[PDB]
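K.L.:
First, the structure itself, so that you have it in front of you.
Number of protein chains: 2
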Amino acid sequence: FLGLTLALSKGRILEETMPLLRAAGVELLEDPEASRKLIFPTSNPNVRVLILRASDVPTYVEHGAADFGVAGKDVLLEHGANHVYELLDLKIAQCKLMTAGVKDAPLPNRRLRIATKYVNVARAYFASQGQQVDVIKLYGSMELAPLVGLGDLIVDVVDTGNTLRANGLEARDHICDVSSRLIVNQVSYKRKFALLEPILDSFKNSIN
Amino acid sequence: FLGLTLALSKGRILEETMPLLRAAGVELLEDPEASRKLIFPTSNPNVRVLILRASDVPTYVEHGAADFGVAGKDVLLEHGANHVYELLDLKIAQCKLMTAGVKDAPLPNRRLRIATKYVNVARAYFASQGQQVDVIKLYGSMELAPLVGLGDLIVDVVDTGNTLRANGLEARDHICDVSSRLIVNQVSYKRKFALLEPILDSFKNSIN
Ligand SMILES: Nc1ncnc2c1ncn2[C@@H]1O[C@H](COP(=O)(O)OP(=O)(O)O)[C@@H](O)[C@H]1O
Ligand SMILES: Nc1ncnc2c1ncn2[C@@H]1O[C@H](COP(=O)(O)OP(=O)(O)O)[C@@H](O)[C@H]1O
Ligand SMILES: O=P(O)(O)OC[C@H]1O[C@H](OP(=O)(O)OP(=O)(O)O)[C@H](O)[C@@H]1O
Ligand SMILES: O=P(O)(O)OC[C@H]1O[C@H](OP(=O)(O)OP(=O)(O)O)[C@H](O)[C@@H]1O
Ligand SMILES: [Mg+2]
Ligand SMILES: [Mg+2]
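Quick mapping for you: the protein sequence lines, in order, are chains A and B.
Throughout, my numbering is defined as the position within the first sequence, counted from one, plus 844.
Throughout, my numbering is defined as the position within the second sequence, counted from one, plus 844.
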């Protein structure tokens, strides 16, 4: 396969990317949500799709296992984006990185413990507020951590706030806005520009 | 809540732990698989259950957010087990950590690239075979990596081998056997032994 490999994740990124792909002449031939398969052809024989965990999208793209991909800004910040090119803000899967804690709970008298999957972002954010914190790395369900006393605050993505409210948590600080971004492998950009360019141009047009 | 908090993960660990818990006088009051909730009461008011991602079970237990938990040996090896006590091999969720690659593909002429979530285990295993390797950290779907040239081999858990065979991969090396283990917080063991002891004794009896 000499064409382009596009890395996407299931759920909202796949759902919100499909219209952009359609407008660019690229449609999946089945629903990846209902398949155990991971590589999918498209209506365009020069483009195939990898379905990955969101956290693996930057990894595949960086290493050139995919030529390009759609990754949340949150994942990019956490992973590090210095070995891919971020070409477009697609303005999909929009949310924000925030700190949160138990509603009205005071902070304890010591170095704070932050429970989060976004360990690098958490460290950098608290450092920008003048604080060195301990970070506890979690892989899921951040909202539970404050309720059982694992960490004093969490760092997580918030959209509606329903998850925080359902668990008696409140957002404390706004870290940054997050949206999904189009990222490209630095070599693929140079060597497969002829294939990439119309798709990138289509995406840019669609997001206007 | 002054009783015991038990950390479990969904799927096979929950499924294979429930009979042990039943025999110990502990039953869930609903199916956690069909709930968004994360804390669950049991038939015993001294015991509640946290449902966590498997990789977070050791974390919660180590930190004392749970008093005890059931974690796969694979997760324990990767996370590090020096700040919990491993008390029982429950002999559930039995599988093995293995290396795997594309069937009959020769190794390349350079330092190997291992794609895996088990980065510490991979490093230690290849070091025991006389090799320093590069490790690429992945969070899911290891089987895809060799097929798109991300890494030369993977390290993953294998049971039937169906996943490897479905993807044209073959197991190369047997790293170790894996089963789920009962782990306890080092302080909880000391301070809540009266609550723990009958449950531990019941589990031990059940697994005989
Ligand atoms: N509630 C939300 N609303 C909008 N965007 C979100 C929301 N939650 C996460 N996102 C964004 O969408 C991306 C897709 O990730 P997601 O499908 O939740 O997978 P994962 O659970 O593996 O992070 C996230 O990395 C983030 O940028
Ligand atoms: N196919 C399998 N058969 C038996 N045990 C398995 C299998 N796959 C994983 N396991 C074991 O069961 C544990 C439960 O993890 P699992 O439910 O697969 O969650 P995750 O996908 O987050 O690792 C694993 O950490 C491992 O020890
Ligand atoms: O502010 P809200 O609108 O509640 O969104 C916040 C939640 O959205 C995401 O969950 P997702 O829907 O991806 O489910 P999961 O992360 O629990 O799998 C994220 O992990 C937060 O928990
Ligand atoms: O040798 P096998 O019998 O095929 O088992 C191996 C597979 O089992 C586990 O997958 P699981 O069923 O937990 O699904 P997931 O890891 O893809 O979520 C593991 O992640 C392997 O992919
Ligand atoms: Mg999610
Ligand atoms: Mg699994």
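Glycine included, each C-beta is placed from N, C-alpha and C at the ideal position.
(1) Can the beta-carbon of B/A909 be found less than 9 Å from the beta-carbon of B/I1027?
(2) For B/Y1033, tell me which candidate among B/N1049, B/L1044, B/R1009 and B/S1024 has the shortest Cα-Cα distance.
(3) Taking only three categories from DSSP, how would you classify A/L932?
(4) Quick check for students: name the residue ranges of the alpha helix (DSSP H) that lie wholly in the region 888-940 of chain A, counting only runs of 4 or more.
(5) Thinking C-beta only, is B/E906 closer than 9 Å to B/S887?
(6) Considering only their Cβ atoms, is the gap separating B/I895 from B/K917 smaller than 9 Å?
(7) Return the chain-ordered ranges of every beta strand (DSSP E) run that is complete within the region 972-1043 of chain B and spans a minimum of 3 residues.
(8) Taking Cβ positions only, does A/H927 come closer than 9 Å to chain B?
(9) B/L982 versus chain A: which residues are under 7 Å apart at the beta carbon?
(10) Under the criterion of a Cβ to heavy atom distance below 8 Å, does B/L982 qualify as lining ligand 4?
(11) Is the distance from the Cβ of A/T861 to the Cβ of A/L852 below 9 Å?
(12) Can you check which of these residues, A/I958, A/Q973 and A/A966, is closest to residue 825 of chain A by C-alpha distance?
(13) Given B/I1019, which residues of its chain have a CB within under 8 Å of its CB, disregarding the five upstream and five downstream residues?
(14) Can you list the residues near ligand 4, meaning Cβ strictly closer than 7 Å to any non-hydrogen atom, in the order they appear in the chain?
(15) Measure the alpha-carbon distance for A/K961 versus B/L982 and round it to whole angstroms.
(16) Can A/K961 be considered in contact with ligand 2, in the sense that its beta carbon sits closer than 8 Å to one or more heavy atoms?
(17) Name, please, each residue of chain B whose Cβ falls closer than 8 Å to the Cβ of residue 1060 of chain A.
(18) For the alpha helix (DSSP H) containing A/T886, name the first residue and the last one.
(19) Look at the Cβ atom of B/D978, then the Cβ atom of B/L951, and state whether they are nearer than 9 Å.
(20) A/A851 lies in the beta strand (DSSP E); which residues open and close that run?
(21) Mind checking B/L873: buried by the 16 CB within 10 Å criterion, or exposed?
(22) If you compare alpha carbons, which of B/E859, B/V893, B/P885 and B/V992 is closest to A/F845?
(23) Once DSSP output is grouped into helix, strand and coil, what is the label at B/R967?
P.N.:
Result, derived from the coordinates:
(1) Start at 1 with the first residue of the second sequence, and residue 909 of chain B comes out as number 65. Start at 1 with the first residue of the second sequence, and residue 1027 of chain B comes out as number 183. Result no, Cβ atoms of B/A909 and B/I1027 do not sit closer than 9 Å.
(2) Within the second sequence, numbered from 1, the residue matching residue 1033 of chain B stands at position 189. Closest by alpha carbon: B/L1044.
(3) Position 88 of the first sequence, counted from the first residue, corresponds to residue 932 of chain A. Residue state, collapsed to three classes: strand.
(4) 901-907 and 917-923
(5) Working through the second sequence from its first residue, we reach residue 887 of chain B at position 43. Working through the second sequence from its first residue, we reach residue 906 of chain B at position 62. Cβ atoms of B/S887 and B/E906: not closer than 9 Å.
(6) Against the second sequence, residue 917 of chain B aligns to sequence position 73. Against the second sequence, residue 895 of chain B aligns to sequence position 51. For B/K917 and B/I895, no; Cβs fall outside 9 Å.
(7) 978-981, 997-1002, 1013-1022 and 1024-1029
(8) For the purposes of this step, residue 927 of chain A is taken as the residue at position 83 of the first sequence. With 9 Å as the cut-off, A/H927 does not count as an interface residue toward chain B.
(9) In the second sequence, the residue the question calls residue 982 of chain B occupies position 138. Here the neighbours are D900 and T903.
(10) Here residue 982 of chain B corresponds to residue number 138 of the second sequence, with the count starting at 1. Outside the cutoff, so no.
(11) Here residue 861 of chain A corresponds to residue number 17 of the first sequence, with the count starting at 1. Here residue 852 of chain A corresponds to residue number 8 of the first sequence, with the count starting at 1. The answer is yes: Cβ separation under 9 Å.
(12) Nothing can be reported for residue 825 of chain A, as the shown portion of chain A is limited to 845 through 1052.
(13) By 1-based counting over the second sequence, the position of residue 1019 of chain B is 175. Answer for B/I1019: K940, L941, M942, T943, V965, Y969 and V999, listed in chain order.
(14) B/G855, B/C939, B/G984, B/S985, B/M986, B/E987, B/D1000, B/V1001, B/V1002, B/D1003, B/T1004, B/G1005, B/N1006, B/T1007 and B/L1008
(15) Residue numbering aside, residue 961 of chain A sits at position 117 when the first sequence is read from its first letter. Residue numbering aside, residue 982 of chain B sits at position 138 when the second sequence is read from its first letter. Going by the C-alpha atoms only, they are around 14 Å apart.
(16) Stepping through the first sequence from its first residue, residue 961 of chain A is reached at position 117. For ligand 2, not one heavy atom lies less than 8 Å from the Cβ of A/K961.
(17) The requested residue 1060 of chain A is not part of the displayed model; chain A covers only 845 to 1052.
(18) The residue you call residue 886 of chain A lines up with position 42 of the first sequence. Per DSSP, A/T886 belongs to no alpha helix (DSSP H) and is neither H nor E.
(19) Here residue 978 of chain B refers to the residue found at position 134 of the second sequence. Here residue 951 of chain B refers to the residue found at position 107 of the second sequence. Contact: no.
(20) In the first sequence, the residue the question calls residue 851 of chain A occupies position 7. Element bounds for A/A851: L848 to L852.
(21) Residue numbering aside, residue 873 of chain B sits at position 29 when the second sequence is read from its first letter. By the neighbour-count rule (16 or more Cβ atoms within 10 Å), B/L873 is not buried but exposed.
(22) The count along the first sequence starts at 1 and reaches residue 845 of chain A at position 1. That would be B/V992, whose Cα lies nearest to the Cα of A/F845.
(23) The residue labelled residue 967 of chain B in the question sits at position 123 within the second sequence. Helix, per DSSP.
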